[PDB]
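A.B. asks: sequence first, structure after; it's an experimental one.
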Amino acid sequence: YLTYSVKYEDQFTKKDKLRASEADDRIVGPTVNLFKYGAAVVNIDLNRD
Amino acid sequence: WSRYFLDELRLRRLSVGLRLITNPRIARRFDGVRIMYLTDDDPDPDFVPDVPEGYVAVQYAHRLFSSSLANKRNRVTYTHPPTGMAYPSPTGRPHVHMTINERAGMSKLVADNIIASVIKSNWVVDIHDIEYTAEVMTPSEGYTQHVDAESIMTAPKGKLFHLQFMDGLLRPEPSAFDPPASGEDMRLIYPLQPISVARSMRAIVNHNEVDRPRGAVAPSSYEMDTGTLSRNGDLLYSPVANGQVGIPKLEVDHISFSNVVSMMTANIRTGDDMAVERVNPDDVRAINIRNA
Amino acid sequence: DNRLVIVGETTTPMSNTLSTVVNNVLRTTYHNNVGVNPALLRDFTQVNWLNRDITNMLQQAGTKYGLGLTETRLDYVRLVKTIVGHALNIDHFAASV
């Protein structure tokens, strides 16, 4: 019901997908791609899908 | 007790859902607003500007503002309820902390004279009927749309606005030889209650001078606590010490983003079509009925 | 909301392919849609204070993070696994329902 909705800052961010180790890319992967370096604010809102 | 003509399970899910509605993490319908003409150097949506030391609170009514012949021109005149003096020009009104509570039956010239009195005479005007949402604008995005002071004063009561606030933490610092600009970013409309109750982390960067940036926040320790799964089915946190029964997650008002969900595997198959054998009786005259 | 979760497409990694900080987290299997959860930013993020303020939290005894298969209820007669408890990355309002 509650998911994250993170607004990035488009100057200090890096637009490509971050590439960790392959076994860690299926666990840590979509977390470090949502809290990517340059997250301005991180909100907890109602889930949209 | 007709239990609102509902299921036995549907009330059990309703007791969880009422915890979701009164949660402060989603209650982002902000009521209350403050017109004030203080400057803007460090933008953040948490900033609720303090009322200065020598201001007098005056409750708003229609009796105060009225037309009066002042200097060869009919000017709208304020009558300050402590002293009772007449104040026809907004250039020299005393510092009044007016608290508008109704905003109904109010003229457009009276609303013109108050917003003129904020800019010219440094008033602070609280309005407690304005409902609005807030989106924290990132500084590279900029303010997409503004909100006019004509709409903050001359509007029907139940209109839901949309104010845009900017997190000025990640603004680019200017170079040490750039000659300055000219105009200053001013600010007219401020909130009463704290914005960004939905905020979890902020400014995930690393500043080069100090260890952690000014006002950057960390995620709370309850967002990472899985805890165990109880025997009843209530989600518990981790025990804070030895021999401590853990805190159930539906009592406190924090948010936990990792939870133990009891789920069935591929060896259950709830709700398929099971197949039976039916054997009719031998004679219809041989079927016992009573007493059974 | 009368949903009823069935174990979807779940994978099981080797213990020598994950790092030492994910293997202390992982409960022996996990769903392919792992979700997003800030406890997985431990020693994978670029930010120095966020890596500290999560390691300084998760090393306390009052909290402990995991991901995946924790409980197992074998059947009494057929002796197969019936009801498992996976530690998803999902809020406690949906998970209590």
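C.D. replies: That came in fine, so what should we check first? Residues are numbered from 1 along each chain as shown, chains lettered A, B, ... in the order given.
A.B. asks: for chain B, longest strand please?
C.D. replies: As assigned by DSSP state E, the longest strand anywhere in chain B is strand B:124-137.
A.B. asks: for chain A, what are the nearby residues on chain B?
C.D. replies: B:20, B:25-26, B:136, B:138-141, B:167, B:169-170, B:172, B:196, B:198-205, B:255, B:257 (Cβ under 8 Å from any Cβ of the partner chain). (Each C-beta comes from the backbone N, C-alpha and C, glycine too.)
A.B. asks: sort out for me which of these are in strands.
C.D. replies: Among the residues of chain B next to chain A, the residues falling in strands (DSSP E) are B:136, B:199, B:200, B:201, B:202, B:203, B:204.
A.B. asks: count the residues that sit near residue C:96.
C.D. replies: 21 (other Cβ atoms under 10 Å in any protein chain shown).
A.B. asks: pull the contacting residues for the closest residue to it other than its chain neighbours.
C.D. replies: Among residues not flanking residue C:96 along the chain, residue B:16 sits closest, at 4.9 Å (Cβ to Cβ, 6 or more residues apart in numbering or on different chains). Neighbour list for residue B:16: B:250, C:93, C:96, C:97 [criterion: Cβ atoms under 8 Å, 6 or more residues apart in numbering or on different chains].
A.B. asks: contacts only, for residue B:81.
C.D. replies: Contacts of residue B:81 (Cβ under 8 Å, 6+ apart): B:58, B:64.
A.B. asks: now the buried members of the contacts of residue B:16.
C.D. replies: Buried residues within those, counting neighbours by 16 or more other Cβ atoms under 10 Å in any protein chain shown: B:250, C:93, C:96.
A.B. asks: contacts only, for residue B:159.
C.D. replies: Contacts of residue B:159 by Cβ under 8 Å, 6+ apart are residue B:131.
A.B. asks: redo the ones in strands among the residues of chain B next to chain A as TSV? Include neighbour count.
C.D. replies: Converted to TSV, those look like this (neighbours: other Cβ atoms under 10 Å in any protein chain shown):
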residue	neighbour count
B:136	22
B:199	18
B:200	20
B:201	24
B:202	21
B:203	25
B:204	27
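A.B. asks: out of the residues you listed, which one sits closest to residue C:85?
C.D. replies: Taking Cβ to Cβ as the measure, residue C:85 lies nearest residue B:200 of those, at 25.8 Å.
A.B. asks: and that closest one, how far is that from chain C?
C.D. replies: 8 Å (Cβ to the nearest Cβ, to the nearest Å).
A.B. asks: surely that residue touches residue B:222?
C.D. replies: No. Using Cβ atoms under 8 Å, residue B:200 is not in contact with residue B:222, being 10.8 Å away.
A.B. asks: residues shared between the contacts of the two?
C.D. replies: residue B:255.
A.B. asks: quick test: name the residue nearest the centre of chain C.
C.D. replies: Chain C has residue C:67 as the residue nearest its centroid, 0.9 Å off, counting by Cα atoms, centre = their mean.
A.B. asks: and that one, what does it touch?
C.D. replies: Residue C:67 neighbours (Cβ under 8 Å, 6+ apart): A:27, B:258, C:25, C:26, C:27, C:30, C:34, C:37, C:40, C:87, C:89.
A.B. asks: test of understanding: give the bridge partners of it.
C.D. replies: Beta-bridge pairing for residue C:67 (DSSP bridges): residue C:26.
A.B. asks: same deal with residue A:44?
C.D. replies: The partner residues for residue A:44, given DSSP bridges, come to residue A:4.
A.B. asks: and residue 38, how many residues sit next to it?
C.D. replies: Just going to use chain A. Residues near residue A:38, counting by other Cβ under 10 Å, number 22.
A.B. asks: let's do chain C instead
C.D. replies: 27.
A.B. asks: skipping adjacent residues, who's closest to it in space?
C.D. replies: Per Cβ to Cβ, 6+ apart, closest to residue C:38 is residue B:219, 4.6 Å.
A.B. asks: same question, residue B:77
C.D. replies: residue B:68 (4.0 Å).
A.B. asks: tell me the strands beside the helix or strand containing the one you found, with direction?
C.D. replies: Residue B:68 belongs to strand B:66-69 when assigned by DSSP states H and E. Sheet pairing for strand B:66-69, assigned by DSSP bridges, gives strand B:74-79 (antiparallel).
A.B. asks: next helix or strand past the strand it pairs with?
C.D. replies: With DSSP H and E, the next secondary element past strand B:74-79 is strand B:86-87.
A.B. asks: next helix or strand past that following strand?
C.D. replies: strand B:96-100.
A.B. asks: got the angle for that following strand vs strand B:124-137?
C.D. replies: Here the directions of strand B:96-100 and strand B:124-137 differ by 70 degrees (axes from the mean of the first three to the mean of the last three Cα atoms, to 10 degrees).
A.B. asks: for strand B:96-100, which helices and strands make contact with it?
C.D. replies: strand B:56-59, helix B:108-121, strand B:124-137 (3 or more Cβ pairs under 8 Å, 6 or more residues apart in numbering or on different chains; DSSP states H and E).
A.B. asks: now with 7 Å, please.
C.D. replies: Of the remaining helices and strands, those touching strand B:96-100 by 3 or more Cβ pairs under 7 Å, 6 or more residues apart in numbering or on different chains; DSSP states H and E are strand B:56-59, strand B:124-137.
A.B. asks: most neighbours per residue, which of the ones you listed?
C.D. replies: strand B:124-137 (a mean of 19; mean count of other Cβ atoms under 10 Å in any protein chain shown).
A.B. asks: give me the distance from the helix or strand just after that strand to the chain's centre.
C.D. replies: Next helix or strand after strand B:124-137 toward the C-terminus (DSSP H and E): helix B:149-153. Mean-position distance between helix B:149-153 and its chain equals 20 Å (Cα atoms, centre = their mean, to the nearest Å).
A.B. asks: show me what helix B:149-153 is packed against.
C.D. replies: Using 3+ Cβ pairs under 7 Å, 6+ apart, helix B:149-153 is in contact with helix B:108-121.
A.B. asks: contact partners of the helix it packs on?
C.D. replies: Under the contact criterion Cβ atoms under 7 Å, 6 or more residues apart in numbering or on different chains, helix B:108-121 has outside partners B:35-37, B:65, B:76, B:90-93, B:98, B:123, B:125, B:149, B:153-154.
A.B. asks: what's in contact with the top helix by length along chain C?
C.D. replies: Criterion DSSP state H: the longest helix present in chain C is helix C:48-58. Contact partners of helix C:48-58, identified using Cβ under 7 Å, 6+ apart, comprise B:204, B:206, B:211-212, B:218, B:221, B:224, C:38-39, C:41-43, C:45, C:63, C:65.
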